[PDB]
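Participant: Once you've had a glance at the structure underneath, I'll fire off some questions.
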Amino acid sequence: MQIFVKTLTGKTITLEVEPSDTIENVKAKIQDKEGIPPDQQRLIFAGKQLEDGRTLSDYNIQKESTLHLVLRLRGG
Amino acid sequence: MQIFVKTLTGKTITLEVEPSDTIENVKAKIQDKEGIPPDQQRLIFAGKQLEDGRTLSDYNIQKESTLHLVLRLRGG
Amino acid sequence: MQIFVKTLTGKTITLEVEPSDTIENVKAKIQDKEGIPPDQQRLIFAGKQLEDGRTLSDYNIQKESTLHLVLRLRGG
Ligand SMILES: [Zn+2]
Ligand SMILES: [Zn+2]
Ligand SMILES: [Zn+2]
Ligand SMILES: [Zn+2]
Ligand SMILES: [Zn+2]
Ligand SMILES: [Zn+2]
């Protein structure tokens with residue numbers, strides 16, 4: 001299925017994914033497409049911060065959903 | 001009066017507003033223009049997060065001010 | 001050495017620096033190139049918000065590192 005990821009650089013990136021894909025998997029796809037290290041990526045869906053070990057299914061992310069890519073902030 | 005709203009991508013939206021307008025009103029204006037649900041919009045002025053029930057004049061947002069539209073981050 | 005800085009919208013700035021440069025020094029370099037007042041700059045490295053009185057060395061920022069500008073948020 002496809003989802004879309006909006007970047008601060010003004011891009012909408014289409015990704016081919018499955019419900020069972022982890023957020024880690026999605027970040028790896030973004031690295032392939034956009035060259036951004038996964039450890040600097042934060043994904044947002046309807047305001048919610050998506051955790052690496054959860055799946056798209058876990059967040060009820062369905063076909064043609066839009067995510068936003070923002071900078072991951074860590075503290076320290 | 002006019003204010004300017006910069007999106008995450010740096011696009012400037014020009015809005016016709018009034019000093020007594022609420023932030024909720026301004027977000028409705030962005031929805032009508034851009035189709036972003038107000039629920040998903042966060043506005044920032046000079047670093048400060050703007051609350052929906054307060055007015056532009058409450059925040060000393062004057063003619064020709066610039067706001068930033070960012071994601072309305074939430075738990076869950 | 002050289003480092004890179006990404007603007008709010010992902011433009012890349014190249015800076016000449018030394019390890020002993022303070023973050024305040026870096027922000028002055030950014031002001032000279034981009035015009036952004038230092039008091040409005042917030043720099044991130046490895047997800048961490050950088051403090052003006054600390055140095056690049058203090059953050060283990062080495063040659064060819066990338067920093068990001070993000071919107072400077074405040075309370076009130
Ligand atoms: Zn499969
Ligand atoms: Zn957006
Ligand atoms: Zn009126
Ligand atoms: Zn700004
Ligand atoms: Zn970046
Ligand atoms: Zn020197």
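FYI, nothing fancy with the structure tokens labels: chains A, B, ... in order, residues from 1 per chain, ligands from 1 as they appear.
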Can you give me the C-alpha RMSD, to one decimal in Å, for chain A fitted onto chain C with all Cα atoms paired in order?
Facilitator: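 Answer to one decimal place: 0.7 Å.
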Participant: When you look at region 18-34 of chain B with a cut-off of 8 Å (counting only C-alpha atoms), what residues show up, excluding the ones that are within fewer than 2 positions of it in the same chain? I need them as an NGL selection string.
Facilitator: :B and (1 or 15-16 or 36-38 or 41 or 50-57 or 61-62)
Participant: Residues of chain A within 10 Å of chain B, counting only C-alpha atoms, what are they? List them as an NGL selection string.
Facilitator: :A and (6-11 or 44-50 or 59 or 68 or 70)
Participant: Create the file for the chosen residues now, containing N, CA and C atoms and written as a short mmCIF file (atom, residue, chain, number, x, y, z; two decimals), in the first residue's frame.
Facilitator:
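That gives us part_4.cif:
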data_model
loop_
_atom_site.label_atom_id
_atom_site.label_comp_id
_atom_site.auth_asym_id
_atom_site.auth_seq_id
_atom_site.Cartn_x
_atom_site.Cartn_y
_atom_site.Cartn_z
N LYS A 6 5.48 13.94 4.36
CA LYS A 6 5.74 15.35 4.08
C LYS A 6 6.98 15.80 4.87
N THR A 7 7.88 16.48 4.15
CA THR A 7 9.10 16.95 4.73
C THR A 7 9.08 18.49 4.88
N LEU A 8 9.98 18.99 5.73
CA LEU A 8 10.16 20.44 5.92
C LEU A 8 10.81 21.08 4.70
N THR A 9 11.46 20.27 3.88
CA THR A 9 12.07 20.73 2.63
C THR A 9 11.05 20.85 1.50
N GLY A 10 9.77 20.64 1.80
CA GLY A 10 8.74 20.85 0.79
C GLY A 10 8.53 19.68 -0.15
N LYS A 11 8.79 18.47 0.33
CA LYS A 11 8.60 17.26 -0.46
C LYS A 11 7.47 16.43 0.13
N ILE A 44 5.34 11.80 12.64
CA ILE A 44 4.16 12.30 13.28
C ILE A 44 2.96 11.88 12.43
N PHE A 45 1.94 11.36 13.09
CA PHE A 45 0.68 11.00 12.44
C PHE A 45 -0.47 11.55 13.29
N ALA A 46 -1.23 12.47 12.72
CA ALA A 46 -2.33 13.16 13.42
C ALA A 46 -1.86 13.66 14.81
N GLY A 47 -0.66 14.23 14.79
CA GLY A 47 -0.08 14.85 16.01
C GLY A 47 0.68 13.90 16.90
N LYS A 48 0.55 12.59 16.69
CA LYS A 48 1.11 11.59 17.56
C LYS A 48 2.52 11.25 17.11
N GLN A 49 3.42 11.07 18.09
CA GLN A 49 4.80 10.70 17.84
C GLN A 49 4.88 9.18 17.72
N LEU A 50 5.40 8.70 16.59
CA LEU A 50 5.36 7.24 16.30
C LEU A 50 6.63 6.57 16.80
N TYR A 59 -0.97 1.87 14.89
CA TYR A 59 -1.45 3.26 14.88
C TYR A 59 -2.64 3.46 13.94
N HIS A 68 4.07 13.28 8.80
CA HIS A 68 5.07 14.32 8.71
C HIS A 68 6.40 13.82 9.27
N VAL A 70 9.77 15.13 10.93
CA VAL A 70 10.36 16.24 11.65
C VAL A 70 11.66 15.75 12.28
#
Participant: From a DSSP pass on the backbone, collect the residues of chain C flagged as strand (DSSP E or B) and hand them back as a PyMOL selection string.
Facilitator: chain C and resi 2-6+12-16+22+41-45+48-49+55+66-71+74
Participant: Please compute the atom 1 (Zn, counted along the ligand's line) of ligand 4-CA of residue 13 (chain B) distance, one decimal, in Å.
Facilitator: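 CA of residue 13 (chain B) lies 12.8 Å from atom 1 (Zn, counted along the ligand's line) of ligand 4.
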Participant: Among chain B, which residues does DSSP mark as alpha helix (DSSP H) when it is run on the backbone? Keep the chain and numbering as in the structure and answer as a ChimeraX atom specification.
Facilitator: /B:23-34
Participant: Could you please take those selected residues and save N, CA, C and O atoms as an mmCIF file, in the first residue's frame?
Facilitator:
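Saved as result-v8.cif:
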data_model
loop_
_atom_site.group_PDB
_atom_site.id
_atom_site.type_symbol
_atom_site.label_atom_id
_atom_site.label_comp_id
_atom_site.auth_asym_id
_atom_site.auth_seq_id
_atom_site.Cartn_x
_atom_site.Cartn_y
_atom_site.Cartn_z
ATOM 1 N N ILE B 23 -7.633 32.881 18.164
ATOM 2 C CA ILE B 23 -6.737 31.960 17.441
ATOM 3 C C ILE B 23 -7.541 30.847 16.727
ATOM 4 O O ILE B 23 -7.205 30.466 15.611
ATOM 5 N N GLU B 24 -8.648 30.403 17.337
ATOM 6 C CA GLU B 24 -9.524 29.429 16.706
ATOM 7 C C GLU B 24 -10.023 29.988 15.371
ATOM 8 O O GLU B 24 -10.020 29.332 14.321
ATOM 9 N N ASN B 25 -10.424 31.268 15.376
ATOM 10 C CA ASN B 25 -10.845 31.932 14.124
ATOM 11 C C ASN B 25 -9.741 31.899 13.060
ATOM 12 O O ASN B 25 -10.000 31.569 11.902
ATOM 13 N N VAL B 26 -8.523 32.254 13.455
ATOM 14 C CA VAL B 26 -7.414 32.223 12.531
ATOM 15 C C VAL B 26 -7.182 30.806 11.971
ATOM 16 O O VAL B 26 -7.057 30.636 10.770
ATOM 17 N N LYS B 27 -7.284 29.788 12.812
ATOM 18 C CA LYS B 27 -7.157 28.432 12.361
ATOM 19 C C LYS B 27 -8.287 28.032 11.388
ATOM 20 O O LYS B 27 -8.055 27.263 10.467
ATOM 21 N N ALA B 28 -9.506 28.534 11.588
ATOM 22 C CA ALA B 28 -10.613 28.297 10.685
ATOM 23 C C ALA B 28 -10.297 28.890 9.328
ATOM 24 O O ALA B 28 -10.637 28.307 8.321
ATOM 25 N N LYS B 29 -9.679 30.082 9.331
ATOM 26 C CA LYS B 29 -9.228 30.758 8.126
ATOM 27 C C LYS B 29 -8.222 29.899 7.355
ATOM 28 O O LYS B 29 -8.390 29.692 6.168
ATOM 29 N N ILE B 30 -7.242 29.337 8.053
ATOM 30 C CA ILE B 30 -6.282 28.408 7.466
ATOM 31 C C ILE B 30 -6.991 27.142 6.947
ATOM 32 O O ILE B 30 -6.730 26.704 5.845
ATOM 33 N N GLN B 31 -7.956 26.599 7.691
ATOM 34 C CA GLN B 31 -8.720 25.439 7.205
ATOM 35 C C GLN B 31 -9.418 25.774 5.889
ATOM 36 O O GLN B 31 -9.456 24.939 4.994
ATOM 37 N N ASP B 32 -10.080 26.941 5.822
ATOM 38 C CA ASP B 32 -10.879 27.308 4.656
ATOM 39 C C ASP B 32 -9.934 27.457 3.458
ATOM 40 O O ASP B 32 -10.298 27.180 2.338
ATOM 41 N N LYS B 33 -8.719 27.930 3.714
ATOM 42 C CA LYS B 33 -7.773 28.231 2.669
ATOM 43 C C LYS B 33 -7.007 26.982 2.252
ATOM 44 O O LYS B 33 -6.795 26.739 1.069
ATOM 45 N N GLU B 34 -6.548 26.231 3.244
ATOM 46 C CA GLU B 34 -5.534 25.212 3.031
ATOM 47 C C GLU B 34 -6.094 23.808 3.305
ATOM 48 O O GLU B 34 -5.441 22.847 2.986
#
Participant: What gap, in Å, lies between CA of residue 66 (chain A) and CA of residue 66 (chain C)?
Facilitator: 27.2 Å
Participant: Closest to ligand 5 among A:2, A:35, A:65, A:60, using only C-alpha atoms and all ligand atoms?
Facilitator: A:35
Participant: Rounded to one decimal in Å, what is the spacing between atom 1 (Zn, counted along the ligand's line) of ligand 5 and CA of residue 17 (chain A)?
Facilitator: 22.6 Å
